[PDB]
Amino acid sequence: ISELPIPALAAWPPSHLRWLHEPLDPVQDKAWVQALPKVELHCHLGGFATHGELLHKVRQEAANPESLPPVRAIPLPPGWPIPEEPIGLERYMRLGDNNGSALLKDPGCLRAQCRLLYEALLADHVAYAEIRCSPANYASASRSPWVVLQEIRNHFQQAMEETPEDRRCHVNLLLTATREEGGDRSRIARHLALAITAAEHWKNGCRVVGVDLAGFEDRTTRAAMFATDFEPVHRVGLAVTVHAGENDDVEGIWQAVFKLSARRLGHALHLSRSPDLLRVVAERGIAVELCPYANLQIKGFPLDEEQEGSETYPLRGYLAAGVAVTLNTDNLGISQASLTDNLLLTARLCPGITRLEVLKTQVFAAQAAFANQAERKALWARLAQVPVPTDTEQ
Amino acid sequence: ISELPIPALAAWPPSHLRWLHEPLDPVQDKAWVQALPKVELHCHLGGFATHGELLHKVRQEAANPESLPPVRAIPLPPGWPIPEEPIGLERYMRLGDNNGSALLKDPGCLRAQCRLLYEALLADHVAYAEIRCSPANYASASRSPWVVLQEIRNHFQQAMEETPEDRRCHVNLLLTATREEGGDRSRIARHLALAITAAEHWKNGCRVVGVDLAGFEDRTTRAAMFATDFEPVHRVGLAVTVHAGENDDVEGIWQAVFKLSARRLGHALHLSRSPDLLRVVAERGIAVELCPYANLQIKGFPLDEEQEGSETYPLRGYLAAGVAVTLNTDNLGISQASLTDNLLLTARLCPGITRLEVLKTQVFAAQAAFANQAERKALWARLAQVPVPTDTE
Ligand SMILES: Nc1ncnc2c1ncn2[C@@H]1O[C@H](COP(=O)(O)OP(=O)(O)OP(=O)(O)O)[C@@H](O)[C@H]1O
Ligand SMILES: Nc1ncnc2c1ncn2[C@@H]1O[C@H](COP(=O)(O)OP(=O)(O)OP(=O)(O)O)[C@@H](O)[C@H]1O
Ligand SMILES: [Zn+2]
Ligand SMILES: [Zn+2]
């Protein structure tokens, strides 16, 4: 009874505890996961409303209809959101080209983008969310990166107050310090200085809690970030996550843990290959952020297999090894899947994934979130309200 | 009830749950604290038997009795274990000199030091212990520091194997860079190469799990530590622990976390006066090792107060701030107190400390231990068996 992730599970009757240990059903437990309080740690602001009906809602409320770009032709791959074959990362970023840099530069569009995304987290029962944005991408000749960040913060801080404290999601912001291919270390300096300033401007409500080192790949300009000077970042309270995408080495991961002092790892799908790194990543507490849909589409994994094969999703292996694994959505729009579909696609990606392990990935995320003491106790008190099962008759 | 540390406490009757939240009593709770499955993270091998009956049980086992040095007369202060005035740190170390490097160069005395200490951990109901030692301090012209360490390891492993699994204390070894370091980078290089080699020799039973950078408290050896590459230590899997304490050098602790990648801080008593550093130490999980008796005897703290002041023992503040705080013995011999007596003294150091806060320091210690997945899965299964209270009210 001392292996349950939350203390409230121990106070259940044996009928339900026996139910927690059976495999998750991706066709019947759709309603139990939905009511579950989730925790999002990898969500990109500029990828929420990329195509469909939400893209029109964002483009409709623009403050400069004349400035809005035309909606270019972005055809989704067939079988979407489960493509016939993977599409890659470069070809995956382009599906969200109807929204982002060239759309959200409109102050009006940014309001709907930040307010429609909060309504998508609330609908999903998210209790905590770290949103990732690049304010320097949405700036113009009259709106500096600090002005855009001011707006983004208060757009989420406004939605957070118009919501009852019982169902209120808590949104925090991560500044994606992108390793620009075309931009130089000037871009990094501005990004790291913007987070250090924001990391002390706000102490309550929406806060800038860390920096996301996207572009950690490209081990040719190695690294323009391992020069670092990240010590100011560490002394102001900020936390570092490395967006280890599009790469299959282990040396970068080693240097992110011990030179960058990173606390989370993004899309670290090849950790089991090196068991020495896997043991360190599990004893130091480093958290691994996995995105089921975004990974099945960029990389592609076997679906509905009946055995843990060689090329299977590493979620179950990570859990066995002790790694603190979390499940996220990456791009809500670009992947067309909410935080519930991703936790339900796990049943088909990892054969045998128990529905108790789902609660473990949520308890892990609750410990890997860059929240403060007040924010944690409010998050812990909301995951303690785990809903009771739906179908236990067999 | 989400605040309960141990999932097993959720299954207690509502009558007892209120008992936990009541303040601890350093007298009537002895039987309950004495039976708690405890975790030891700061215990020195060379400070176990410095005086008394134990000091002679060790000397009476040396293979070369004639080689034993004469038993000096070390006068313990009056009041001891609880002095009416602190004796400083340098006096504290000299207080134990009938044991340690001078005595434990004999294979017979060393064998009786690693087995009498294991009997003190069992008598105290310890389920996990990390013991720190300096093999190079006990080496002779014919006994290499690796020969000493290989003997120390097998004395504990042979003691652990002879005890039933359900009552067995798991002992792990930390290699300590002695406080007299920095002089030569040759000795800190032989020290880190011994741990990298030991961290691969043994993968089961008693293991070398980390290195303890003592002397960090000094400035001429803290730069030698910052000039030495610790990267090979991190790749092997060894963890790093640093001694804080008398030196209230905030800059030292900052660099020990982000340069040496330290996971634990020893005697970090001045963290509250640095609110910025107390947030990083409380959000990253860095654990703080506190020694209630070794801290009352080296620094001195108010006892039996009624309400918090401005200089009381910071264990209450640390816990509120979210810091992961552990309680240990430091030197079990030099201080006449076991792990049970250090937990009970917190009731006098910290006014109003709750019986649930005591059980938290043992869950914090369990998460701070440098044990692996197998060791951890067996330590949780022993902390979950928390004894039920005696009176209940
Ligand atoms: N999968 C990924 N791999 C690498 N970098 C990524 C990835 N996803 C996002 N990024 C980085 O995040 C930065 C911010 O992207 P975001 O999704 O917030 O929208 P955006 O800046 O409006 O988009 P874009 O530049 O594609 O039009 C991008 O510039 C890119 O550097
Ligand atoms: N409070 C402390 N602060 C700093 N260093 C300490 C403290 N207590 C012990 N040490 C260091 O711990 C190291 C190991 O001490 P231990 O108790 O194991 O005895 P020892 O070194 O074998 O004994 P001896 O000093 O008789 O040779 C010593 O080198 C000492 O420098
Ligand atoms: Zn991403
Ligand atoms: Zn010590």
Side-chain angles (χ1 to χ4, degrees), chain A residues 1-12 200 209-210 228 230-231 233-240 250-251 254-255 257-261 263 274-280 282-285 320-323 367-377 379-386, chain B residues 1-12 200 203 209-210 230-231 233-240 250-251 254-255 257-261 263 275-280 282-286 320-323 363 367-377 380-386:
Chain A
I1 210 70
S2 306
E3 302 81 339
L4 294 160
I6 72 169
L9 287 161
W12 285 12
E200 65 183 1
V209 288
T228 72
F230 274 85
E231 301 298 329
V233 174
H234 291 122
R235 206 138 183 194
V236 302
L238 296 188
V240 174
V250 298
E251 189 66 28
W254 275 109
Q255 315 201 42
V257 188
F258 290 109
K259 275 73 70 177
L260 297 177
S261 306
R263 281 171 57 190
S274 196
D276 268 5
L277 183 65
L278 189 78
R279 271 202 309 282
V280 161
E283 293 179 353
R284 285 197 72 92
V323 163
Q367 299 159 340
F370 299 152
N372 57 354
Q373 195 190 359
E375 269 159 354
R376 288 207 177 282
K377 83 176 305 304
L379 182 62
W380 280 133
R382 277 207 63 194
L383 286 75
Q385 290 138 40
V386 167
Chain B
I1 78 176
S2 63
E3 184 263 326
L4 278 181
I6 291 155
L9 287 177
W12 278 26
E200 310 188 8
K203 321 269 200 184
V209 287
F230 268 83
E231 198 259 343
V233 172
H234 294 129
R235 299 243 189 176
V236 191
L238 305 167
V240 160
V250 176
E251 178 75 15
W254 276 107
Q255 288 173 121
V257 184
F258 295 113
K259 295 302 172 223
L260 299 177
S261 305
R263 299 244 294 283
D276 209 21
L277 170 63
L278 190 63
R279 285 188 306 106
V280 174
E283 293 179 353
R284 283 192 78 93
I286 307 309
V323 162
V363 182
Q367 306 161 354
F370 296 154
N372 59 353
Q373 188 186 1
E375 293 160 332
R376 186 179 295 276
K377 182 175 73 175
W380 277 133
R382 292 211 57 195
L383 298 174
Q385 313 160 6
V386 65

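What you see below is based on every heavy atom in this structure, not just the backbone, and it leaves out hydrogens, waters and symmetry mates. Residue numbers begin at 1 in each chain, while the letters A, B, ... track the order of the sequences.
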For this session: Pick one of side chain, backbone, both or neither for A:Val236, based on which atoms fall under 4.5 Å of a heavy atom in chain B.
Result: backbone
Exercise. Side chain, backbone, both or neither: which part of B:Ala321 has an atom under 4.5 Å from a heavy atom of chain A?
Worked result: backbone
Exercise. Do A:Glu283 and B:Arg376 come close enough that some side-chain heavy atom pair is under 4.5 Å?
Worked result: no
Exercise. Tell me, do A:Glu231 and B:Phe258 make a side-chain contact under 4.5 Å, heavy atoms counted?
Worked result: yes
Exercise. Side chain, backbone, both or neither: which part of B:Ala384 has an atom under 4.5 Å from a heavy atom of chain A?
Worked result: both
For this session: Answer with side chain, backbone, both or neither: which region of B:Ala381 has an atom nearer than 4.5 Å to a non-hydrogen atom of chain A?
Result: neither
For this session: For the pair B:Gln373 (side chain) and A:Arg279 (backbone), establish whether a donor and an acceptor sit closer than 3.5 Å, ignoring hydrogens and angles.
Result: no
Exercise. Considering only heavy atoms, which portion of A:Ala239 lies under 4.5 Å from any heavy atom of chain B: side chain, backbone, both, or neither?
Worked result: neither
For this session: Mind checking the CD1-CD1 spacing from A:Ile6 to B:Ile1? Nearest 0.5 Å is all I need.
Result: 9.5 Å
For this session: Could you look at B:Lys377 and say if it's the side chain, the backbone, both or neither that has a heavy atom under 4.5 Å from chain A?
Result: neither
For this session: Give a yes or no on whether a salt bridge exists between A:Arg235 and B:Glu251, defined as a side-chain N under 4.0 angstrom from a carboxylate O.
Result: yes
For this session: Could you check if a side-chain atom of B:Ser261 sits within less than 4.5 angstrom of a side-chain atom of A:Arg284, using non-hydrogen atoms only?
Result: yes
For this session: Give the minimum heavy-atom separation between B:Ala10 and A:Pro7, together with the two atoms involved.
Result: CB-O, 3.6 Å
Exercise. With only heavy atoms counted, which part of B:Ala320 is less than 4.5 Å from chain A, the side chain, the backbone, both or neither?
Worked result: backbone
Problem set entry | B:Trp380 CH2 to A:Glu3 CD distance, which is reported to the nearest 0.5 Å | 11.5 Å
